[PDB]
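*Asks:* Here's a sequence, model it:
(3 chains, ligands or ions: 1)
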Amino acid sequence: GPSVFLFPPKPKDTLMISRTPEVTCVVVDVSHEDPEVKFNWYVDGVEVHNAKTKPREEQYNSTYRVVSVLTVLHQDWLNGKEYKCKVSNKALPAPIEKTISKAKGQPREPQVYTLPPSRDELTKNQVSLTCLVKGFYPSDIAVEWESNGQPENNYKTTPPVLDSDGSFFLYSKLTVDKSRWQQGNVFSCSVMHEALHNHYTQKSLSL
Amino acid sequence: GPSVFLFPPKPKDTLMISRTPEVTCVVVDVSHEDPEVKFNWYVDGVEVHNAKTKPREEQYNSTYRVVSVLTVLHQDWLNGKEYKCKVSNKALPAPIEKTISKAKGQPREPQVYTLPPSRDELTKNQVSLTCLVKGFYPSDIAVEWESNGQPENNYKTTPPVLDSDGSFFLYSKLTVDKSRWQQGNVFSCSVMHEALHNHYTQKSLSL
Amino acid sequence: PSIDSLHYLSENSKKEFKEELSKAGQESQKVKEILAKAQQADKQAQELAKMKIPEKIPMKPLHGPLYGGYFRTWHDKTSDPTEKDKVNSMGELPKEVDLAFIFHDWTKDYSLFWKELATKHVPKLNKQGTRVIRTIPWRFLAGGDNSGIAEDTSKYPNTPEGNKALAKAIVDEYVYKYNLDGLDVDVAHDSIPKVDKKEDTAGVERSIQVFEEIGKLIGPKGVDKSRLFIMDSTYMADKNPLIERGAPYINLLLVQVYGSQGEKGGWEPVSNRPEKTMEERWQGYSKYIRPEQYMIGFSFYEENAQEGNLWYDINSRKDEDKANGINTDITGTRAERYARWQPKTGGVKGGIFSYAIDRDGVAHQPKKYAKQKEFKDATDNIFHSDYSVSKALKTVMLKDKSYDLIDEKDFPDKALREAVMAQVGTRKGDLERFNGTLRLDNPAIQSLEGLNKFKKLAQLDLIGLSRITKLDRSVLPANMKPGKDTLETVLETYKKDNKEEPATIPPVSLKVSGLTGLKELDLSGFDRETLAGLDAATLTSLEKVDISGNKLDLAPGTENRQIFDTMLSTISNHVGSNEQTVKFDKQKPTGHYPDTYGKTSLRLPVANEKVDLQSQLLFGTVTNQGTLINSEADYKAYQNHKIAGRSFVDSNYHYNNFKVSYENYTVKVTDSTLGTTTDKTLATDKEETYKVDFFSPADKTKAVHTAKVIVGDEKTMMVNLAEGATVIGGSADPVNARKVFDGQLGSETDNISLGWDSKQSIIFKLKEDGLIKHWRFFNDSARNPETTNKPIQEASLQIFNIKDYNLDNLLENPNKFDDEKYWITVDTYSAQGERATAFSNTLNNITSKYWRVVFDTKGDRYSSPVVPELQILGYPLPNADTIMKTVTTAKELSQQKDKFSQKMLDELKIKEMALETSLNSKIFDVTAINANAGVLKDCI
Ligand SMILES: *[C@@H]1O[C@H](CO)[C@@H](O[C@@H]2O[C@H](CO)[C@@H](O[C@@H]3O[C@H](CO)[C@@H](O)[C@H](O)[C@@H]3O)[C@H](O)[C@H]2NC(C)=O)[C@H](O)[C@H]1NC(C)=O
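*Replies:* Numbering: from 1, shown residues only, chains lettered A, B, ... in the order given. Dropping the coordinates below:
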């Protein structure tokens, strides 16, 4: 029997109010015997027929992945509305239903702060400028780095981590030279987060 | 058929000798009325019969799961000895084997830098004292927050974000009252990790 | 139509309708329906106030095996007629249902169900004989968490008067409200009185008391015995807080273990055996209640049975009949076994019950399911049940000869018959199953005919039937002689590899007294052990007796032998004792081990021999009659034991047969060096004193005997100076490190790694003064004979060089004193490369109250010092500091061969010899040290 999995949009899209989140239901491990998949979308649990099926993607186990994508309202999604994928196939005793939503709870704004290396830290050769984004709810959030208004790539950003107070937290470290990170240069961490206030946050950095 | 999952001990448990490090291999997958389960666990390829199969702590109906927990000496886990449990039961075609150990790879000393709270963190009721620990291999490590020489429970950590040097990294933020943060009694980030001196370290903080 | 002006709606239902108000608090169209339904509910409520409830007519006493049932009120078509899937009616339950467990689950206040009970279903149940008992949760009756009426802590305090009020209100509301016929208590920990999921002791006791007062108002002990007192719980009795306090008040006890787990119990790997077995439960209740008082419940297949509840405990729907939610074949149903199921011990069951009684007739979902979520016919398809299955099963049980009533054809003596009924019961099956005490005190009993029928009886008191005249097996309970259970299981349990069950039947306790008219007493060939229970003084008319072939120790002098001598004297004074009138022989006494042994020491010379420890030391078999047999010759004296001039024992029980074995019992040797052995062989080639612990095969912790093997000269026992050590400065964690000094060897699980270094150190002071002569450290192999921790390749003991360093300074700055400059190396271990579970070495009368040792695996490459246990050896010696100071002073002066003359030197040599003897002695004698010190200070 085939299997169905419902994925949400990219975190930045659901994490900036300007963007349009969508739920796409891709069915994997779908055997030749029961290849047919019928899709029903649902916004906030209400069945919707605006899902759009993409061409199938064959898996490495000689199975196919078949996807139907339905657009959701960004604020609806961030508010915990349920995007639901109903998958129908001849191998199932009944249609399969799956539901997803934003993390429940009052959203908490991410506070984003970029700090340069500690004097002990900047004593290294490649000092890191770190933007910690904390107090963020629901955990759904996205962060990115930049320096002098230009994106900084020598950076790794951790996934949001649900804090002990129900919000989420994370850190992103942009590695520069301790010559450069402490050279003197303004970095800006730009965040678009469903957990961010106005689905955005900023972190300033300097030597 | 059933399936086995082996969970290493908490990095602190494996890092504080006052604790008793242990990996727990539990089987909860396909099972039957036949309850015989000859749980078998190995270490470095040598199977140890001895064990303490947890008394079923299930409160009431519908939890027929058996979990075995094997305590391991630090010098044995640490030496990267590979504990593999092969569990045989009549419902199973043959014993199922799964191995866990101290992670392979050159240990890498964490580099610790302290960051004081962001000003918004003091605008927050809870301000965050941050310890960034980077360049640590393997990813297993224990960090903790304390204040006034006394532990601070209002602390949160992050997953071991693989460093670009193959080690893992994270930031930890101890939260305290912004009034307490303003009158910050001496805090200490105490870390037990083999990559630490005396596999144990304290980082100071004060107002 | 406001909800505050409805009059007839209960304040609860009103609180509900106003919470429903808050939701959609202003929606124009839903504020209508909520008020229109609060209204229609008020119309129903007043229809509930004006009905004419049927008067409760007297109901015939419940007699014989019963069939009860818990009917899901949510599954009744009249509870809420709006739910059209429910089409069955509990009034359709057949007459084969002996007991009607009124379930109040999912019935509104305005619900038709109450009226349907009162006016239709309650009358019919009466007219058919079905009595209705309402069940409530312990939470319903205790606690405040959703305790309903019990929430009113003012209306019902946890006080005597408060409890009385709570009881009156509860009985009114749930029993008197409908003039109900019984009270049932759910005991499921879920139903247990809870508040924030926390035990309310006042709640528990107060519910005990309020049920007890209701049982003073209803039930067997109550004002209204017509109302019953039932008690059913999922919890095992030993966890029923109300078991103890409610037993005396309860009328009925119900218990349903529906499912394979309840039938067979669960499985524990720790004991590798079944747990929570049926017999365990019935026994637990027996600690509180009579098996007649016991009724068991099974489960029909309930609609929409989810995991857990979907027990399929009865026959399931056939796989082919995928749309057939009814399957009626009980043949091979686990419930079939239940209908046949009777508790192996104790007695006959009170009867049977059914959980989800409202599901009689509906099949269980086939196992080829539960992967489907939205598809379930047998489980989740609605059917209208005629309860036909319930009828079939109840009739099947009702046709069990096992429940046949005990009758006068069983006990011809109407006195004896009535007395049995009074003390045992009325079912014939009881007698085969009755496993209790039997007090027979009516002198009117002229004959014991039928007493043979008692198969399982626990005790039997014949306490005054003077009219009975002869006593033999035919009038002696079946349990009279020893035996094993003969009751075959009717339980279709899940035990498969555990397929043996003789269940040795303990021979019944036969108390006999006031059988004044008893003339013939035949207990021969009963394999009986003692005469206990026989009021020999009461068998005044005794004329014939035969007790041959018992298991009784008739060796002269026994209390058994005493009664036998009395009886023999009675016979020799009545008609003369002779080989015809009296028989006692063919005993096969079972030897038990003695409780204590007196040989606390075994002395042998120092020779290159070897000795079997147990044989020389572990010995003796005492009789339950106290007959101590301690040798083959002792058994030969038992062979020489004569009764009436000849033995009373079976000629076949050879001493071997007679002998009990102490093999498989272990030993723990312990030489004077606190070294230990476990060879029953012991070689006297070494002059040593060893301490021997006897362990049963059954226990290696509490010694059955302790002993002192002594090859050559006795040695003072050493002492674990390590016991009570004060942890001092060392690499090892002092908190953990004390564990090595912890006296106990410790478990395998316990950690024995001192420090994260091939060599790791630990200082520690000793508890008290002593004379130190040796030390020892356990390798992990002691903990587990097979450990991967490498052994200490080299180690060292040292003391703080207090002679050169101020011990006060050390105590002030222990970390500062972490230098061997502060220390004095005193001993050093060095492994030569042989496997060993521990190392030990003597000590030259060491003195430092503080010590500091390092161990060393010498394993460089991340091999850390791990030491199992720390052993410091010596004797207790007060004033060790001062005495050892005197000893070193004596050493120094004895070196000062220029300072003292030969005449002083001779006394000094005598004194030094004394100190030498004193170095390892147990009684500290500082006097000689002081006298020598005075002589020396005079000489200085
Ligand atoms: C765990 O085992 C029990 C016993 O086999 C399962 O049976 C019974 O399930 C019903 C329906 O869920 C429970 O009834 C409700 O319980 C609440 C407790 O607050 C009570 O207020 C309601 O009036 C109603 O009776 C019942 O407690 C439960 N136990 C018994 C002895 O009947 C139970 O369902 C199993 N667990 C789950 C989650 O299903």
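*Asks:* The nearest residue to residue C:603 once chain neighbours are set aside and the ligand, how far apart?
*Replies:* Here the nearest residue to residue C:603 in space, its sequence neighbours aside, is residue C:710; by Cβ to Cβ, 6 or more residues apart in numbering or on different chains that works out to 4.5 Å. For the C-beta atoms, the positions are set from N, CA and C on the backbone; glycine is no exception. Applying Cβ to the nearest ligand atom, to the nearest Å, the value for residue C:710 to the ligand is 64 Å.
*Asks:* so residue C:710 sits in a strand?
*Replies:* Yes - the assignment for residue C:710 is a strand, going by DSSP: H, G, I helix; E, B strand; the rest coil.
*Asks:* That one touches residue C:691, doesn't it?
*Replies:* No - shown here, residue C:710 and residue C:691 do not form a contact pair, counting by Cβ atoms under 8 Å, at 10.4 Å.
*Asks:* if we can go back for a sec, what sits against the residue nearest to residue C:603?
*Replies:* C:601, C:602, C:603, C:604, C:688, C:689, C:690 (Cβ atoms under 8 Å, 6 or more residues apart in numbering or on different chains).
*Asks:* and the stretch 351-500 of chain C, which residues reach chain B?
*Replies:* C:494, C:496, C:497 (Cβ under 8 Å from any Cβ of the partner chain).
*Asks:* mind running it again at 7 Å?
*Replies:* residue C:494 (Cβ under 7 Å from any Cβ of the partner chain).
*Asks:* for the stretch 151-300 of chain C, same thing?
*Replies:* Where the stretch 151-300 of chain C comes near chain B, counting by Cβ under 7 Å from any Cβ, the residues are C:260, C:267, C:269, C:270.
*Asks:* And for the stretch 701-850 of chain C?
*Replies:* C:733, C:735, C:736, C:748, C:749, C:751, C:753, C:756, C:788, C:789.
*Asks:* what's around the nearest residue to the fourth one once chain neighbours are set aside, how many residues?
*Replies:* In other words, residue C:748. By the measure of Cβ to Cβ, 6+ apart, the closest residue to residue C:748 outside its immediate chain neighbours is residue C:784, 4.6 Å from it. Residue C:784 has 17 neighbours, counted by other Cβ atoms under 10 Å in any protein chain shown.
*Asks:* Could you tell me the phi and psi values at residue C:784?
*Replies:* phi -130, psi 110 (degrees, to the nearest 10).
*Asks:* From residue C:758, how far off is it?
*Replies:* According to Cβ to Cβ, to the nearest Å, residue C:784 and residue C:758 sit 21 Å apart.
*Asks:* likewise residue C:510?
*Replies:* 72 Å.
*Asks:* try residue C:782
*Replies:* For residue C:782 relative to residue C:758 (Cβ to Cβ), the value is 20 Å.
*Asks:* and if you look at residue C:118?
*Replies:* Residue C:118 sits 86 Å away from residue C:758, going by Cβ to Cβ.
*Asks:* For my notes, confirm residue C:430 occurs in a helix.
*Replies:* Yes - the assignment for residue C:430 (three-state DSSP) places it in a helix.
*Asks:* What residue in chain C comes nearest to the ligand?
*Replies:* residue C:188 (4.0 Å; Cβ to the nearest ligand atom).
*Asks:* related to what we said a few turns ago, just the buried residues of the contacts of residue C:710.
*Replies:* C:602, C:688, C:689, C:690 (16 or more other Cβ atoms under 10 Å in any protein chain shown).
*Asks:* Run through the bridge partners of the last one.
*Replies:* The one in question is residue C:690. As for beta bridges, residue C:690 partners with residue C:671, residue C:709 under DSSP bridges.
*Asks:* try the first one
*Replies:* Note on residue C:602: beta-bridge partners residue C:709, judged by DSSP bridges.
*Asks:* could you show me where the strands are in the stretch 701-850 of chain C, in order?
*Replies:* C:706-711, C:719-720, C:726-728, C:759-765, C:770-778, C:794-800, C:823-830, C:838-846, C:850-856 (DSSP state E, counting those that start in this stretch).
*Asks:* Dump these to TSV, plus distance to residue C:546.
*Replies:* Shown next, in TSV, are the strands of the stretch 701-850 of chain C (distance: least, Cβ to Cβ, whole Å):
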stretch	distance to residue C:546
strand C:706-711	46
strand C:719-720	62
strand C:726-728	74
strand C:759-765	74
strand C:770-778	64
strand C:794-800	76
strand C:823-830	75
strand C:838-846	64
strand C:850-856	75
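*Asks:* Which of those strands has the highest mean neighbour count?
*Replies:* Comparing those by mean neighbour count (mean count of other Cβ atoms under 10 Å in any protein chain shown), strand C:850-856 comes out on top with a mean of 27.
*Asks:* Could I get the phi/psi values of the residue nearest to the spatial centre of chain C?
*Replies:* With distances taken as Cα atoms, centre = their mean, the residue of chain C nearest its centroid is residue C:238 (9.3 Å). Torsion angles at residue C:238 (phi, psi; degrees, to the nearest 10) stand at phi -60, psi 0.
*Asks:* repeat for residue C:164
*Replies:* phi -60, psi -40.
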